[PDB]
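>>> these chains are from a complex, not moved at all, and more is on the way:
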Amino acid sequence: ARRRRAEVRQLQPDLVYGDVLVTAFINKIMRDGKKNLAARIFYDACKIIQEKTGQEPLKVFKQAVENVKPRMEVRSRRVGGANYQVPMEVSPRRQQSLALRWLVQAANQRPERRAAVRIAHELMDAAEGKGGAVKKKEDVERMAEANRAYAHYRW
Amino acid sequence: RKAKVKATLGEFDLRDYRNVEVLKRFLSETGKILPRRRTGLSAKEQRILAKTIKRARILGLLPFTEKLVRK
Amino acid sequence: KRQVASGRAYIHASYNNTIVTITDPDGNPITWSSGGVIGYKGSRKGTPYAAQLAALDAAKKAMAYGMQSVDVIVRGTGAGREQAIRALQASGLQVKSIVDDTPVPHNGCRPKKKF
């Protein structure tokens, strides 16, 4: 983006709950344009969630994002010697986006044999405060105030 | 034009190296002799003042240097 | 051992390192701290964070000697001179005054090649 600021894509609302966040997540699950399979892996994972907790999966979902959303991170700057690892606060969107990505990426790590489950579980675990979804949030946030000695080379 | 010390004063003797109450006003928060910009003084005046303050400091009446108090 | 009501916090910041000693109202030092004492090695001592540390520990050791209030004297241009202050300011010591007393020669010793 060198001339203009790039204008965020407006997503279509979800076909079951209406929350655009649902869809954003879905897309991140799918691969190779296989949107149907994705939705199925999402919505079936809701069923397991609606099953093993009783409450509403939409909200366990909308909760498991706050608990992976990193309040700030480290970016990179090079000054006059080499590259001091600089801290810097993370925007509205970049948080939401980092979250969905991380949820999926580490959901896919879990030992569970089937996809829908793997999503369901990570989407549950993290919704509480455990599981390598948060531990990769509690990681990027760790280095945020572990290199705060270099927090004056800001932009 | 923050405030010119030529105006806030009547007439005085620039060669008077004892008139602390006057001289005092041509120094900064530090002992530093104000710039002609803030003194409003003539070209000739400032050189005269300059010597008078030096004379008076040496006499013990005006300070060589101060210390800046964060006010 | 002693009990010191009010006192002085001297802050001497280099480009290389920031030292903070705390003294009695007669100026005799009680406890001090620096960036290296915090436990930093080289380049890292001269840092607005290292300095925020040096100050905090300085007042930590201090309020254990009963310290309550302090007048502050900073000598020097340098990083986190300002941080050292604010660190003191919001440390739990009431900050009576701040002054700068950085020694400016009235034109004396020829300085080293790199000035």
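Cool, got the structure. Numbering: from 1, shown residues only, chains lettered A, B, ... in the order given.
>>> Spell out which helix or strand contains residue C:38, please.
Residue C:38 is part of no helix or strand when elements are defined by DSSP states H and E.
>>> which phi and psi does it have?
Per-residue torsions, residue C:38: phi -50, psi -30 (degrees, to the nearest 10).
>>> right, and it touches residue C:54 too?
Yes - if you go by C-beta atoms under 8 Å, residue C:38 and residue C:54 touch, sitting 5.7 Å apart. Every residue, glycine included, has its C-beta placed from N, CA and C.
>>> nearest spatial neighbour of the residue nearest the centre of chain B, skipping sequence neighbours?
The centroid of chain B falls nearest to residue B:26 when counting by C-alpha atoms, centre = their mean (2.2 Å). Distances taken as C-beta to C-beta, 6 or more residues apart in numbering or on different chains put residue B:34 closest to residue B:26, at 5.2 Å, once the chain neighbours are dropped.
>>> how many other residues sit next to the one you found?
Per other C-beta atoms under 10 Å in any protein chain shown, the neighbour tally for residue B:34 reads 17.
>>> Distance of it relative to chain C?
Distance of residue B:34 to chain C, computed by C-beta to the nearest C-beta, to the nearest Å: 17 Å.
>>> who's in contact with the residue nearest to the centre of chain B?
Contact analysis of residue B:26 by C-beta atoms under 8 Å, 6 or more residues apart in numbering or on different chains lists B:5, B:33-34, B:39, B:49, B:53.
>>> How about the residues of chain C by chain A?
C:44, C:47-50, C:79 (C-beta under 8 Å from any C-beta of the partner chain).
>>> Number of residues surrounding the residue of chain A found nearest chain C?
At 4.2 Å from chain C, residue A:149 is the closest residue in chain A, using C-beta to the nearest C-beta. Residues near residue A:149, counting by other C-beta under 10 Å, number 19.
>>> So it, which state does it fall into?
Using DSSP: H, G, I helix; E, B strand; the rest coil, the structure places residue A:149 in helix.
>>> so what's it closest to, chain neighbours aside?
Residue A:149 sits nearest to residue C:49 (C-beta to C-beta, 6+ apart), 4.2 Å away.
>>> Please verify my assumption that that neighbour contacts residue A:148.
Yes - at 6.0 Å, residue C:49 counts as touching residue A:148 under the criterion of C-beta under 8 Å.
>>> add RNA strand D to the structure above, sequence below:
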RNA sequence: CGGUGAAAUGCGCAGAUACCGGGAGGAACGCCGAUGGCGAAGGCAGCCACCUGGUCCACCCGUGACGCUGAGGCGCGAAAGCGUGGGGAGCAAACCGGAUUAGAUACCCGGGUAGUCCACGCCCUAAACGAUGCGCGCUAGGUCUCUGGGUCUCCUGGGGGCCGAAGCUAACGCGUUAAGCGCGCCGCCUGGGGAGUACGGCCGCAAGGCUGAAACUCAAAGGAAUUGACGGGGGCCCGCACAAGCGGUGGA
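Okay, RNA strand D now, added to the rest:
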């Protein structure tokens, strides 16, 4: 603690750094301070008093051409450097040690002797530059500034700058602070390299200085300006160029 891009050498539990008080010592004078002033130049800034040079303005009082220039001579002459004596804080050639680097044998860091400081005597060179000899007359103005005088809106002298008439210039530029228009007098130049070398002479305690070639060799050496290209120069802008992503190649 210090120190650098990072770091070590160094210093520190014989208590350093940081802090307060006492003392000694040397060297340089912050602010005023200017894009300012003075000087023939080199150069000259804390303050005071003494001794002393140049210089500007007013008055238009005295002399009555007494003027200008100036081979040689004589004196001044930054810094480094020489001799004797004193001094030595900080700094710092050489030298010692740490790093860097392909190698440093330099640039960076920690030390450190001469020296830098005073007196006396030498040295006498410089990008000693305005790279512009001195003196005088003449040739629009504008503006800023230091400094005199007036019937001090403004007028009138002497400096210092910027911009410009005429003119000058190869151009850049100069332009009443001339590089313009003229007169006087001095110094100097006559292709590049060889070469500020050789020889000789003079000065010098020395280091060395002043004066100064040719043989030879080249066909250029040069000045300013133009277009371009390039810059580990600056400014603004663009490309999936980097970044932010998604998916791969490199492995089988």
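>>> circling back to that earlier point, any idea how far RNA strand D is from the residue nearest to the centre of chain B?
Distance, residue B:26 to RNA strand D, using C-beta to the nearest atom of the strand, to the nearest Å: 9 Å.
>>> So the top helix by length along chain A, near RNA strand D or not?
As assigned by DSSP state H, the longest helix anywhere in chain A is helix A:35-53. No - under the criterion of C-beta under 7 Å from any atom of the strand, helix A:35-53 makes no contact with RNA strand D; the nearest approach is 12.7 Å.
>>> Identify the residues contacting that helix?
Contact partners of helix A:35-53, identified using C-beta under 8 Å, 6+ apart, comprise A:15-16, A:22, A:25-27, A:29-30, A:56-58, A:60-61, A:115-117, A:119-120, A:123-124.
>>> Out of these, which end up buried?
A:22, A:25-27, A:29-30, A:57-58, A:60-61, A:115-117, A:119-120, A:123-124 (16 or more other C-beta atoms under 10 Å in any protein chain shown).
>>> give the contact list for residue A:106.
Residues near residue A:106 by C-beta under 8 Å, 6+ apart: A:122, A:131-133, A:136.
>>> hmm, the helix or strand harbouring it touching RNA strand D?
Here residue A:106, judged by DSSP H and E, is contained in helix A:92-107. Yes - applying C-beta under 7 Å from any atom of the strand, one finds helix A:92-107 in contact with RNA strand D at A:97-98, A:101.
>>> Which residues of chain C lie near chain B?
Checking chain C against chain B by C-beta under 8 Å from any C-beta, the hits are C:97-101, C:104, C:106.
>>> Need these in TSV (columns: secondary structure and distance to residue C:11).
Compiled in TSV, the residues of chain C next to chain B are given as follows (DSSP: H, G, I helix; E, B strand; the rest coil; distance: C-beta to C-beta, whole Å):
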residue	secondary structure	distance to residue C:11
C:97	strand	13
C:98	strand	9
C:99	strand	10
C:100	strand	10
C:101	coil	10
C:104	coil	17
C:106	coil	23
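>>> near RNA strand D too, which of those residues?
Applying C-beta under 7 Å from any atom of the strand to those, those adjacent to RNA strand D are C:104, C:106.
>>> With neighbour count added, can I get the residues of chain C next to chain B in JSON lines?
Converted to JSON lines, the residues of chain C next to chain B look like this (neighbours: other C-beta atoms under 10 Å in any protein chain shown):
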{"residue": "C:97", "neighbour count": "12"}
{"residue": "C:98", "neighbour count": "18"}
{"residue": "C:99", "neighbour count": "14"}
{"residue": "C:100", "neighbour count": "17"}
{"residue": "C:101", "neighbour count": "14"}
{"residue": "C:104", "neighbour count": "9"}
{"residue": "C:106", "neighbour count": "6"}
